[PDB]
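> Just the structure for this:
(chains A and B, ligands or ions: 7)
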Amino acid sequence: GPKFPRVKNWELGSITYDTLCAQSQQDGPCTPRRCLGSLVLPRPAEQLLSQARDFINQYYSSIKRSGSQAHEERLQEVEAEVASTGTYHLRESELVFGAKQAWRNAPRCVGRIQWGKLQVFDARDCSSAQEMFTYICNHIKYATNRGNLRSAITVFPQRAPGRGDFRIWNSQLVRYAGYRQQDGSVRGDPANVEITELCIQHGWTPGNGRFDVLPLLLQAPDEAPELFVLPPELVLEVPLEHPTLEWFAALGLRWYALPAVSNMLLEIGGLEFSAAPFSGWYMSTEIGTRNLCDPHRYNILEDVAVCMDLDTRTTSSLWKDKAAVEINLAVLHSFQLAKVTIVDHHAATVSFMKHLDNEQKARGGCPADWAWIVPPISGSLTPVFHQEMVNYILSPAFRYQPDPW
Amino acid sequence: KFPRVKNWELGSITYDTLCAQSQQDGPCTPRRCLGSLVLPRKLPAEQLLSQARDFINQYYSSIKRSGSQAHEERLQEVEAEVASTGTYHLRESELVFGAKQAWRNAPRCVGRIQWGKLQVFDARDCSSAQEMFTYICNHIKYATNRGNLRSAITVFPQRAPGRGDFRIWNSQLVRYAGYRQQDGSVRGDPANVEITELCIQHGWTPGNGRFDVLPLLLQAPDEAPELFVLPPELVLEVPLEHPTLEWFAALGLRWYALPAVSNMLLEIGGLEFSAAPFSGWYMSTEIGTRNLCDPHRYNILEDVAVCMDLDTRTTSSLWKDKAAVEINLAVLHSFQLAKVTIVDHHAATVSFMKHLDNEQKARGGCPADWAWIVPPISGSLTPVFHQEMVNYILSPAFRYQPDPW
Ligand code: HEM
Ligand code: HEM
Ligand SMILES: CCN(CCc1cccc(F)c1)Cc1cccc(NC(=N)c2cccs2)c1
Ligand SMILES: CCN(CCc1cccc(F)c1)Cc1cccc(NC(=N)c2cccs2)c1
Ligand SMILES: C[C@H](O)[C@H](O)[C@H]1CNc2nc(N)[nH]c(=O)c2N1
Ligand SMILES: C[C@H](O)[C@H](O)[C@H]1CNc2nc(N)[nH]c(=O)c2N1
Ligand SMILES: [Zn+2]
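Numbering: from 1, shown residues only, chains lettered A, B, ... in the order given. Ligands and ions are numbered 1, 2, ... in the order given. The coordinates are given below.
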C-alpha cells in the first residue's frame, strides 16, 4: 500500500491511511523499542519564526490565499516584528482560527465534531487580576446560557519576554473543595485538595460540605494571585435524581453544568497563551463514571450498590457494573430534566466517528488517543473501540504546563 | 531513558528496566503512536545463533546453573548444530521453559498471574495430520478436565527451511460455524465465515444452526489439509441462562468451555513453532461482551434489550449498557452453575495488578498493552484502567503468522 500508517476499523472492515501525521513537527513519547501511549503526562528566534511561518501558512490555506500577496506580506511583517522585538502578535482572525485549530488538533477530545463552533473572546487587552475576573464571569455567563451551553474560550495576554505570566491557578473554573480530615479521609473532592489548601493559605474562608464551590485564584503578571468568589447565581448546578430509583435523590448528589478547563496552555504559531480557559459541555461518563465512581474521587459505588441491595461481597455479582450504570443514568436523566446540555457516551462516540470521516476527507487523518477517546464504561459497545487510531501532536495545540506555585 | 510508570489511583511510581531487553521493534515512532493497531503492518546463521545463545542463557539462568559445565557445553552443542545444519533443536526441558516464558511475555494477556502453571505436551514427534488430531484430542481432554480447566499447550514440529509448515488452519480448536446467506446476512458466528467455507469445500457436510462446532482442518507439511470432526463428547458446552430473568434461557444461547488458540506462532530461541495450540480458561467479558454483543459478532444486544422491555429508541436510556450487564451476568452464572472455570473481569484485573507487582520485583517490569488489558465494559471500574503500562516485545514470544491458504 501507501507509505503512511494504515488504519483499520474492525467492526466495518474498512481501511484508511493517515497522511496528516506527516505534518507533525513535535515528537510524542513512543519509540520502535517501546510504546508509551498509555502514559498520562509524558515528561528561540529562528525557532519562533519557523513556528510562526508555519502557522501563517496554515491560516492562509484555511482562507485559501496561499501564495497570495496578502500571505507573503503577512510573513514579512511577522519576521520584521520578530526581528525587532523577539516576538510577534496575532491578528484577531488569526487568533480565532488558531484557537479552533487547537481544539481540532487535541487527540484526547471526543467532542471535536463541534470544533468549528467556538466562540472566541479576545481578552488580550487584560491588565489586572480584577479584569480577568470580569472576563471569566462574562465567559461563564455566555457559555452557561441558562443551560443551553455554548462552547467558548477566552484568551488572555500571551507570554512575554521577561514579564510574568497571566495564570488562573485553578484547574477548572468550577471545582468542588476537598478538605483533608483528622482521620486522613477527605470530605468533598479529593482531586482538589491542593487547590483547596492553596485557597485557604491565600485567605479563603473554607466551608465544610461535600460540594463547596472554590474561589478562583487569578494571577496577573508579576503579582501574587488574588482570590475571587464566584457569585453563586452564576454557577449553575444540577441536583442528581434517578428516573425510577426514588431514593437516589435522597443521596444529595449534585454536579455543576459547565466544564471549563483553566490550567492549559494554548500554543499558536510559537506564541504561548498561559491563561486561556475553555468550556464546552459534559459527556455523561465524565461525571457519572470518573468523578462520582473513581476510588480516588467521590467513590460512591458501594453506597449506591448497598441502596440497590446488591451483593457487594463478591466481584461476580457485577455489583459495580450495575451501580455505575444507574449512576450514569441518573446523571443523564437529571441534566435532561434540568435542560442543561449533556451528551451520553453512545451519541458522543457516534458523532466522533463522523468527525473521523469528515477529517479523513479534509486533512487525510485525525490525531486521536484511543485510550482517552473510548469511554470508561461500555467501551466495546461504542463504535470507537473498534476503530484503530494514530496519535500525534500537531500545532496549534493545548499543552499541559507546570503549576504556577 | 527508562520509563516512569505511574498508578493514578494510588499515586505510586515504578520504572521499567525490563524494556531495555527488547530486541524487536513495535509499530511506534516518535512522530506517531500506533499502539491501537491490532496487527503488525509487515506481518542467516549469525542472527539465529544470537537468538539461540540468548535463549540458552535465559534457561540456565532460570535453573540457577548460569556458567556451569552444562551451560557452556549446551552453548557449544547449539553452536555446532547451527554451524553445520543452519538450525538446531531444543531439549524438552528448554521447550517447557520457553513456552511458559512466551506466555509470561505476552503483553495482551490479562491472565499471566497463572504463567508458571502450564502443562506442556511435546508433540514434535508428529509426522501426519492424523497424529496431530490425536494429540489435539488429548490436549482438549486434558485441559477440559470435566470443567476444572487446566492451562495447556501442545507443540508440534518446528518450521524447517526445506519445507512447508505444520499448521492448524482453524483460529481456535472450538469455533462455531458462520453460514453466509445469499442475502448478505449470517447465521452463526460471522467471525468464522471464511473458515466455515474452507471446511465445506474440503468436503465438510455443513449444519444449519447458530452454534454448530466446526471440524478441524489440520495440515502436515506440503500436503492438502485434512478434515477431522471433533467427537461431541470432547467439546464441553454451557447453555446460557440468567439467574433471575427466566426468559433469558429461551434465547437458545450457549458457549464452549475451552478457549484454545491455534493459529499463533510460538518463537523460542530463534526457532518457530507454526502449530502450537494453547488454552486456558475464559474471562467472562470475552463471551458476554465481545462474542455475543459485538455488532459484527452475534450482535444480541437489541434482542436482550427488547426482552427486558427497555427503551431502544434513544441512546440516553443506556439500554445497551443495561443489556450488556445482564448478559455478562448470565455467562458468569451459567458457567458457575455448570461448574466450569471462568473468571470475571474484576477478579481478573485484580490478579493482573498483583502480577504487575510480582513482575516488577522479579524482572524490573512487565510488558503490557493497556487497550487489551482494560476490559470492554466497566473499564475505569477495574484497577488496570488507572495503571500506566509500557508495551514492548520480549522473546520467547507468541506472534501472528500468515493464513495458510
Ligand atoms: C463541545 C463539547 C465537548 C465535549 C463533550 C468534549 C469532550 C471531551 C472529553 C470527554 C474529554 C476527555 C476529558 C477527561 O477524561 O478528563 C475531552 C478532552 C479534551 N477536550 Fe473536549 N469536548 C468538548 C469541547 C471542547 C472544547 C470547546 C475544547 C477547547 C476549545 C476542548 C478541548 C479538549 C482538550 C484539550 C482535551 C484534552 C485534555 C487533556 O489532555 O488533559 N473540547 N473532551
Ligand atoms: C488461564 C487463564 C487465562 C486467561 C483468563 C487469559 C486471558 C486472556 C485474555 C482475556 C486475552 C485477550 C483475548 C482477546 O481479547 O481476544 C488474552 C490474550 C492472550 N493470552 Fe491469555 N489468558 C489465559 C491464559 C493464557 C495462556 C495459557 C496463554 C498461552 C500459553 C495465554 C496467552 C495469551 C496470548 C498470546 C494472548 C494474546 C493474543 C493476541 O495478541 O491476539 N494466555 N489472555
Ligand atoms: C478531570 C481532569 N481532566 C483532565 C484530566 C487530567 C489530565 C492531566 C492530569 C490530571 F491530574 C488530570 C479535565 C478535562 C479536560 C478537558 C475536557 C474535559 N471535559 C469536558 N467535557 C470539557 C472541558 C472543557 C471543554 S469540554 C475535562
Ligand atoms: C477473539 C480473538 N482473540 C484473538 C484476537 C484477534 C487477533 C488478530 C486478529 C483478529 F481478527 C482477532 C482470541 C484469543 C487469544 C488469546 C486468548 C483468548 N482468550 C482466552 N481466554 C485464552 C485463549 C487461550 C488461552 S486463554 C482469546
Ligand atoms: C493510565 C491511563 O492512561 C489513564 O488512567 C487514562 C485512561 N483513559 C482516560 N480517558 C479519559 N477520557 N480520561 C482519562 O483521565 C483517562 N485516564
Ligand atoms: C482498535 C482496538 O485496538 C481494538 O478494537 C482492540 C481494543 N482492545 C482489545 N482488547 C482485547 N482484550 N481484545 C480485543 O480484541 C481488543 N481489540
Ligand atoms: Zn505508541
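> domain ranges for chain A?
A:18-124+A:151-161+A:265-279+A:349-373, A:125-150+A:165-236+A:400-404, A:237-259+A:282-347 (curated CATH domains).
> and of those, who's closest to ligand 7?
Checking those against ligand 7 by Cβ to the ion gives domain A:18-124+A:151-161+A:265-279+A:349-373 as the closest, at 3.3 Å. (C-beta placed from N, C-alpha, C; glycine too.)
> how about stretch A:129-136, does it reach ligand 3?
No. Residues of stretch A:129-136 are not located near ligand 3 by Cβ under 6 Å from any ligand atom, the shortest gap being 13.9 Å.
> And that stretch, how far out from the chain middle?
Mean-position distance between stretch A:129-136 and its chain equals 21 Å (Cα atoms, centre = their mean, to the nearest Å).
> Okay, buried residues for it please.
Counting neighbours by 16 or more other Cβ atoms under 10 Å in any protein chain shown, one finds that the buried residues in stretch A:129-136 are A:129, A:132-133, A:135-136.
> residues near residue A:121, how many?
18 (other Cβ atoms under 10 Å in any protein chain shown).
> So it is in contact with residue A:153, correct?
Yes. With contact defined as Cβ atoms under 8 Å, residue A:121 reaches residue A:153; the gap is 6.9 Å.
> Residue A:223 contacts residue A:132, correct?
No. Taking contacts as Cβ under 8 Å, residue A:223 lies outside contact range of residue A:132: 11.1 Å.
> What residues does the stretch 201-350 of chain A have near ligand 3?
A:259-261, A:278-280, A:282-283, A:286.
> rerun that using 8 Å as the cut-off
A:259-261, A:264, A:278-283, A:286, A:290-291 (Cβ under 8 Å from any ligand atom).
> Out of these, who's the most crowded?
residue A:279 (26 neighbours).
> Phi first, then psi, for the closest residue to that residue other than its chain neighbours.
Spatial nearest neighbour of residue A:279, excluding adjacent residues (Cβ to Cβ, 6 or more residues apart in numbering or on different chains): residue A:260 at 3.7 Å. Geometry field for residue A:260 lists phi and psi as phi -140, psi 110, criterion degrees, to the nearest 10.
> what residues are up against residue A:260?
With contact set as Cβ atoms under 8 Å, 6 or more residues apart in numbering or on different chains, residue A:260 has these partners: A:139-140, A:143, A:172-174, A:277-279.
> roughly how far apart are it and residue A:168?
10 Å (Cβ to Cβ, to the nearest Å).
> now do residue A:383
Where residue A:168 is concerned, residue A:383 sits at a distance of 36 Å (Cβ to Cβ).
> Give me the more crowded residue out of the two.
residue A:168 (27 against 18).
> ok, the residue lying closest to residue A:363 once chain neighbours are set aside - how many residues close by?
Take residue A:363 and drop its neighbours on the chain: the residue closest to it by Cβ to Cβ, 6+ apart is residue A:20, 4.9 Å away. The number of residues packed near residue A:20 is 22, by other Cβ under 10 Å.
> phi, psi of residue A:20?
According to degrees, to the nearest 10, residue A:20 has phi -70, psi -30.
> In this structure it contacts residue A:367, no?
Yes. Here residue A:20 reaches residue A:367: they are 7.3 Å apart, a contact under Cβ under 8 Å.
> what touches both of these two?
residue A:394.
> ok so, going back, let me have the buried residues of stretch A:129-136 in CSV, extended by secondary structure and distance to ligand 5.
Below are these laid out as CSV (DSSP: H, G, I helix; E, B strand; the rest coil; distance: Cβ to the nearest ligand atom, whole Å):
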residue, secondary structure, distance to ligand 5
A:129, helix, 30
A:132, helix, 27
A:133, helix, 29
A:135, helix, 28
A:136, helix, 24
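> Could I get the contacting residues of residue A:267?
Here residue A:267 is in contact with A:102, A:273, A:395-399 (Cβ under 8 Å, 6+ apart).
> can you tell me which of the domains of chain A comes nearest to ligand 6?
Ligand 6 sits nearest to domain A:18-124+A:151-161+A:265-279+A:349-373 of all the domains of chain A, at 6.2 Å, using Cβ to the nearest ligand atom.
> quick one: the closest one near ligand 1?
Yes. Contact between domain A:18-124+A:151-161+A:265-279+A:349-373 and ligand 1, assessed by Cβ under 8 Å from any ligand atom, occurs at A:40, A:99-100, A:102-103, A:106-112, A:114-115, A:118, A:151-153, A:278-279, A:369, A:372.
> right, is that domain up against ligand 5?
Yes. With Cβ under 8 Å from any ligand atom as the measure, domain A:18-124+A:151-161+A:265-279+A:349-373 is seen reaching ligand 5 through A:38-40, A:108, A:110, A:369, A:371-373.
> what do you get for stretch A:174-181?
No. Using Cβ under 8 Å from any ligand atom, stretch A:174-181 never reaches ligand 5; the gap is at least 15.6 Å.
> List the buried residues of that stretch.
A:174-179.
> next structured bit after the helix or strand where residue A:130 lies?
Using DSSP states H and E, the element containing residue A:130 is helix A:129-144. Counting by DSSP H and E, the element after helix A:129-144 in chain order, helix or strand, is strand A:152-155.
> and that following strand, what does it pack onto?
Taking 3 or more Cβ pairs under 8 Å, 6 or more residues apart in numbering or on different chains; DSSP states H and E as contact, the helices and strands that strand A:152-155 lies on are helix A:92-105, strand A:119-122, helix A:129-144, strand A:278-279.
> follow-up on the earlier one: overlap in contacts of residue A:260 and residue A:168?
Overlap of the contact sets of residue A:260 and residue A:168 (by Cβ under 8 Å, 6+ apart) consists of residue A:277.
> Which one of the residues in chain A is closest to ligand 4?
For chain A, Cβ to the nearest ligand atom, closest residue to ligand 4: residue A:10, 7.0 Å.
> Which residues are in contact with that residue?
A:386-388, B:38, B:296.
> again with residue A:42
Residue A:42 touches A:28-29, A:36, counting by Cβ under 8 Å, 6+ apart.
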